[PDB]
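Participant: pasting the structure only:
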């Protein structure tokens, strides 16, 4: 007969709180107004400081941040040039941490992983201009994301990069958004930037977190790095009786971005990375750093997503795997990056039992690691929606 | 009934309570099930030995379709002359696709070029292609999912890959046409005819409709190796109620079929009507104007149209305005000679044979000129009372 | 049923006979209490190098019986030495297409200009709007040049053409079957007219002069100077009013009288080429034009023509010279070379099953790109034109 | 109904009590009556003067068919060049056969070559031929029942002999199709058109389809004489019961008809579908692939088939396996270009016009290429509600 999973039994005992959460989200999105506003601008030399702290404005229901990073890389070598890596200007930011007003961190990931989830949630390369056949001069007019492909010996290059640091899931789904109408509780957006060490790899180094690589990289340096943060929030919140109208489940659930690093790979043996409990995984990104070398599928036998340790659900070679990615973002990721979409059916071990991610390599070099990147929800329920001054 | 024989209110000759239970049972299935894709067969062969293969898919779950990866290697053993790609290219690696339901019931019987274009038209873009952007981050053509060299020189070798989605269900959210295969009657069949050394290399001046390469060195071009891999997409972990499986009973008893046809007898500056058939629910129409081995970009056509009996021409347009309606569909143009007609918002369903027709008015017609028609359509299990498409 | 599928008594039990007796009473009241008006509804003069397709707004009044279309042209031959000569279809190719839409956006007649001209001939009993030559000493004859065209335009000369077309809606002046009640305030009623232009009206030597007007060695330099058109609408005004609104023949106004053309190819020598008639139409006549690859012959490339039926195979299997003898009893002449007329006005083809009646051409010699250009007139009785199919099949 | 539109149990929408009374009355007639064959008409003419004849036999009994002996004499008045026989040969001595009922209802309207091949197909051997054996007893070709010289030299004269069975009843034990001529109405007609001096001699290069001889002296060949004789097979002493004649009522109101057709519009390497009309009961199909006046032994055909709407191809075979299935039928091969399809065990009977089709996939198509289709079929007296036999 019919038997429900523990995930479906929880969905029937929380079905009146979810109906109240849906009708409170519809009232907020109907009656509020989207505002984007600059909250911080700074220009620094990264030979003195590279870790920065950004205090957001405490207003409305925050949906996310737009970070604009601009750089002025100068090459001081006499006779040798450098060239862009495969991640390029996405390594201008090395780490993004955001802390809640409750001092609970939401997103703690690197710069390349934030860019690829921005790519995956758009359906195209993030803030890119596609090439067409039109005689009307569209195209790369404004240089939103730009970097020169080669900085010569004695030249100077200007870089621009945009990051969307997400808090809410989308502009119509407020799962993960932050109430910020609290004056005494600050937020925090920690931003690590590149240096003259971590951004100019030599010939034979690991260009994973670098920006330029070449035989003149020992004399490449920044001149300045400027950043600008834009806070995107919902102003003019609806107020009924009993205070603000709030999607309580959507504000207590987080939406996170985390990356890891697994090692110890063996040729032609299944490397398994287990999905953890309590998380509802929306996308996995695996990067095969094969010891400072990135190859277009020719060092992988197959990628997979297993149930318990048995009965695979998508076991594909690295071109059939990339064919499912081309239905998502209308291109494929750089060399070594493999994306797995789980947005319609999220990987939830309460629903499916133990689920792992499998990589079977073909060639494993020395210092070869597997760089995971996750994107998920997590709930952790609440009992007080209060915090109102009664002497007002 | 101002234009079509039955409008959408008169086309409600169905039960409308079996339609309500079908839509409810489909939405239950698409929640409690999980999509699995897995390889079912793989074989590497030589086209000089064998060229037609029959593939046995697994009898699991509710089957949604098949992803066929075909990889090939071509040696050009000419002394001095090279060959070049045709307009259809690696999409002619597979010559025929026939699928058979466990009750020995055929579903899709097309060529490979027609199956590729329906894959393009259902994505909104060329199938499994990578768009070219302006990013400094190195996206682009990285993995070479669909790829073929544009020219194989004399004494060189070219490696080329092609993917085909053989559909059974209509889409990922519409389960019309899907096959229940848990406890079947017999095995399923996936007949696959591949390209030969006789069909894949056309000489200078030949008809490059089914060819892959064409040039002066085509007499000394040969295959070395063709591998195929068939993946099966299906829905596992089906929901179970008080009476066994929860099933969309008239989505599984419906056939989402793709079919091919061909009509000849064109004369210049008059209408060449290609009459649709009754009792099919036509969803799209692809016409390929093979003008005697020559393919032109609308230069040999006065107009294209789609008529009715009561109404006149409904979308009579010149070839560049017909192409403008397809750049809103797939965001590019089809190759030369290929014309797409979408009827997905309003399917053709007549009850009289020649009630709706497809019209091409040519202006220059060479000998052995023909229209190569491809159809995708819905039909129930009473396809046995139908007639020929066209 | 021995020849036809439905006998005239069998297809009279498929109709309401009390609604038909009430329909012929309402037609006699309309035809004796109305006034026939003919009125010019549109006129403009153009250059076909600028515009050649026109939409004509008629007048929304009365019960419309048809349209009279006068076309005048001014062809110039800018060649240096060579002249051109008039083709067999001639000035009848001044109009290329005719489409009429009624007040309810329902099309009626969608045919070519040469096919409209031959049905105009076939219903008069003579070549349309022509004057016969007599031996009267009183100066009758061709005084006004109603339909006129010079036979040859020399190098550096100009010719004036004049052509008339009757676009029928009603079947005749005594039978209002096919007429349109147009006293409704709308704008969907129009008369689309595509005219000849500089590409379709001058054919080179050895080309296909089917839709051309002139043909010769100097046809590359022939141009139009000017084309004028004038449209006259014939209708019945002051409709009789009893109670319950107007007194109208309801079956006559819910029936279409249409003219349609189609082309079929695929002829091979010395075997039958059966062009099938269609289900649910009521065919009245049939024009067949044998374009033998740009060549038109006076029956010297046909074995025989015939009409065909499922049981009772051939009904008029005749020689081409004997087929022409049955049309000299109709129009007191014969049609141009390649044109063959089949009359079915006494017993109309109405056949309830698609290819039951067919039209046969047995050719002796078939050139490359040969075809039959059919032309049909029919009653089709709206509420079953929606359930109809294609007008022909081979 | 997996394969056909209506299977044999669904095609039993007849009375089945009038079927058992028809079967009972048929064997009473076949036991009690007596087969009579007698001469109707003999006539000797010149084809330069007259060539079409109308034979009016007497209205006796239950008519089973007609035997037509045609004898001819052909002079070759050329100076130095000779002519040679075609593949169809003396079977083109009769160009057209039409029979009419006493009620002026036509039954068979074919050519002479198609009437000959149906005579071959219903026997199991070439019609009225001598099997070559090894016996020392002098059997063989003694009487020359069907004879023609293979080559008529310059100045020579050749004598031809040819026999035709024009069928009315289907067989000698099945009276389906027979004509009850004991009626108070007019006499039956048998229209016969013969060869001329314009249609029996083809020049070198011309189409030898309706010709008898073909060669470089064919401009000077002419008939000296053609004689014909018509015999009539019928049953007399019909049984009388209590209510008059004992008659197979729904066997005499059924027509066994042979009919001819022709379709054009072939292009290389695509399917050319020729659809089987509804309401006929097709027993056989003869398709002659005239490839522009050239007849080949399967070298210009990829495959032949018989499609269905619900099913796929049912007998898709290469042209030598298709000929292998007819060697189990007539114990030899039909001439070059002639392809035979047998449906006598399960006749085609659709109720929808394009349910079953006949497919030829060519590989080389010349100009004026066509298929010459010949059908034989059963139909009731409601042939008046039928359509064309494409």
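Facilitator: Yep, it's here. Numbers count the residues shown, from 1 in each chain, chains lettered A, B, ... in the order given.

Participant: buried ones in stretch A:338-350?
Facilitator: Buried residues in stretch A:338-350, defined by neighbour count with 16 or more other C-beta atoms under 10 Å in any protein chain shown: A:338-340, A:342, A:345-349. For the C-beta atoms, the positions are set from N, CA and C on the backbone; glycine is no exception.

Participant: Kindly list the main-chain dihedrals of the closest residue to chain C within chain A?
Facilitator: Nearest residue of chain A to chain C, counting by C-beta to the nearest C-beta: residue A:135, 26.8 Å away. The main-chain torsion angles of residue A:135 are listed as degrees, to the nearest 10 and equal phi -80, psi -10.

Participant: Could you list the residues in contact with stretch A:109-124?
Facilitator: Residues external to stretch A:109-124 that are found in contact with it (C-beta atoms under 8 Å, 6 or more residues apart in numbering or on different chains): A:87, A:90-96, A:107, A:125-126, A:130, A:163-166, A:170, A:208-209, A:257-259, A:283, A:285, A:287, A:328-331, A:333, A:337, A:339, A:341, A:373, A:375, B:131, B:133, B:137.

Participant: Show the buried residues in those residues.
Facilitator: Judged by neighbour count, with 16+ other C-beta under 10 Å as the criterion, the buried members of the contacts of stretch A:109-124 are A:87, A:90-96, A:107, A:125-126, A:130, A:163-166, A:208-209, A:257-259, A:283, A:285, A:287, A:328-331, A:333, A:337, A:339, A:373, A:375, B:131, B:133, B:137.

Participant: In strands only, show me those residues.
Facilitator: Using DSSP state E, the members of these that fall in strands are A:93-96, A:107, A:163-166, A:257-259, A:283, A:285, A:287, A:337, A:339, A:373, A:375.

Participant: got the contact list for the closest residue in space to residue A:171 that isn't next to it in sequence?
Facilitator: Excluding the flanking residues, the one nearest residue A:171 by C-beta to C-beta, 6 or more residues apart in numbering or on different chains is residue A:63, at 7.1 Å. Listed by C-beta under 8 Å, 6+ apart, the contact partners of residue A:63 are A:34, A:166-168, A:171, A:174, A:177, A:232-234.

Participant: what ranges do the helices span in the stretch 101-250 of chain A?
Facilitator: Taking DSSP state H, counting those that start in this stretch as the test, the helices found in the stretch 101-250 of chain A are A:111-122, A:248-252.

Participant: quick one: contacts of the last one?
Facilitator: Put plainly, it is helix A:248-252. By C-beta under 8 Å, 6+ apart, the list of residues contacting helix A:248-252 from outside reads A:17-18, A:20-21, A:24-25, A:61, A:168, A:173-179, A:379-382, A:385.

Participant: Next: stretch A:19-32.
Facilitator: Among residues not part of stretch A:19-32, those counted as contacts by C-beta under 8 Å, 6+ apart are A:60-61, A:172-174, A:234-238, A:245-250.

Participant: where does the residue of the stretch 1-150 of chain A found nearest chain D fall, phi/psi-wise?
Facilitator: In the stretch 1-150 of chain A, no residue comes nearer to chain D than residue A:133, which is 33.2 Å away by C-beta to the nearest C-beta. Taking degrees, to the nearest 10, you get phi -100, psi 10 for the backbone angles of residue A:133.

Participant: which residues touch the residue lying closest to residue A:220 once chain neighbours are set aside?
Facilitator: The spatially closest residue to residue A:220, leaving aside those adjacent along the chain, is residue A:200, at 4.2 Å (C-beta to C-beta, 6+ apart). Going by C-beta under 8 Å, 6+ apart, residue A:200 touches A:82, A:210-213, A:217-218, A:220-221.

Participant: One more: residue A:217?
Facilitator: The contact partners of residue A:217, by C-beta under 8 Å, 6+ apart, come to A:77, A:82, A:200-203.

Participant: at 7 Å instead, please
Facilitator: In this structure, residue A:217 makes contact with A:82, A:200-202, judged by C-beta atoms under 7 Å, 6 or more residues apart in numbering or on different chains.

Participant: same thing with residue A:18?
Facilitator: The contact partners of residue A:18, by C-beta under 7 Å, 6+ apart, come to residue A:249.

Participant: what does residue A:7 give?
Facilitator: Residue A:7 neighbours (C-beta under 7 Å, 6+ apart): A:348, A:350-351.

Participant: rerun that using 10 Å as the cut-off
Facilitator: A:280, A:348-352 (C-beta atoms under 10 Å, 6 or more residues apart in numbering or on different chains).

Participant: what do you get for residue A:382?
Facilitator: With contacts defined as C-beta under 10 Å, 6+ apart, the neighbours of residue A:382 are A:248-249, A:251-253.

Participant: rerun that using 6 Å as the cut-off
Facilitator: Counting by C-beta atoms under 6 Å, 6 or more residues apart in numbering or on different chains, residue A:382 touches residue A:252.

Participant: Same question for residue A:385.
Facilitator: Under the criterion of C-beta under 6 Å, 6+ apart, the neighbours of residue A:385 are residue A:248.

Participant: Walk me through the domains of chain A.
Facilitator: Using curated CATH domains, the domain parsing of chain A gives A:1-240, A:241-392.

Participant: Distance from the first one to the middle of the chain?
Facilitator: Put plainly, it is domain A:1-240. 7 Å (C-alpha atoms, centre = their mean, to the nearest Å).

Participant: Same question for the shortest one.
Facilitator: Per C-alpha atoms, centre = their mean, the displacement of domain A:241-392 from the mean C-alpha position of its chain is 11 Å.

Participant: measure that domain end to end?
Facilitator: Chord length of domain A:241-392, first to last residue, is 15 Å (C-alpha to C-alpha, to the nearest Å).

Participant: what do you get for the longest one?
Facilitator: Distance across domain A:1-240, first residue to last, is 45 Å (C-alpha to C-alpha).

Participant: partners of residue A:73 in the sheet?
Facilitator: Listed by DSSP bridges, the beta-bridge partners for residue A:73 are residue A:222.

Participant: my guess is it contacts residue A:157, does it?
Facilitator: Yes. Residue A:73 is in contact with residue A:157 according to C-beta atoms under 6 Å; the separation is 5.0 Å.

Participant: List phi and psi for residue A:385.
Facilitator: Taking degrees, to the nearest 10 as the convention, residue A:385 sits at phi -110, psi 10.

Participant: meant to ask about residue A:137
Facilitator: Backbone torsions of residue A:137, given as degrees, to the nearest 10, read phi -80, psi 80.

Participant: With residue A:3 instead?
Facilitator: phi -130, psi 130.

Participant: tell me the contacts of residue A:129?
Facilitator: With the criterion set at C-beta under 6 Å, 6+ apart, residue A:129 makes contact with A:139-140, B:134.

Participant: show me what contacts the closest residue to residue A:215 other than its chain neighbours?
Facilitator: On the basis of C-beta to C-beta, 6+ apart, the spatially nearest residue to residue A:215 that is not a chain neighbour turns out to be residue A:80, at 4.2 Å. Each residue near residue A:80 by C-beta under 6 Å, 6+ apart is listed here: A:153, A:215-216.

Participant: got it, and residue A:337?
Facilitator: Neighbour list for residue A:337: residue A:287 [criterion: C-beta under 6 Å, 6+ apart].

Participant: Show me what it bridges to in the sheet.
Facilitator: With DSSP bridges applied, the residues forming beta bridges to residue A:337 are residue A:287.

Participant: Show me which helix runs longest in chain A.
Facilitator: For chain A, the helix reaching the highest residue count under DSSP state H is reported as helix A:15-31.

Participant: any idea of the angle it forms with strand A:61-75?
Facilitator: 70 degrees (axes from the mean of the first three to the mean of the last three C-alpha atoms, to 10 degrees).

Participant: Between strand A:220-235 and helix A:15-31, find me the angle.
Facilitator: Taking the same axes, to 10 degrees, one finds that helix A:15-31 is oriented at 100 degrees with respect to strand A:220-235.

Participant: Look up phi and psi at residue A:388.
Facilitator: For residue A:388, the backbone dihedrals (degrees, to the nearest 10) come out as phi -110, psi 130.
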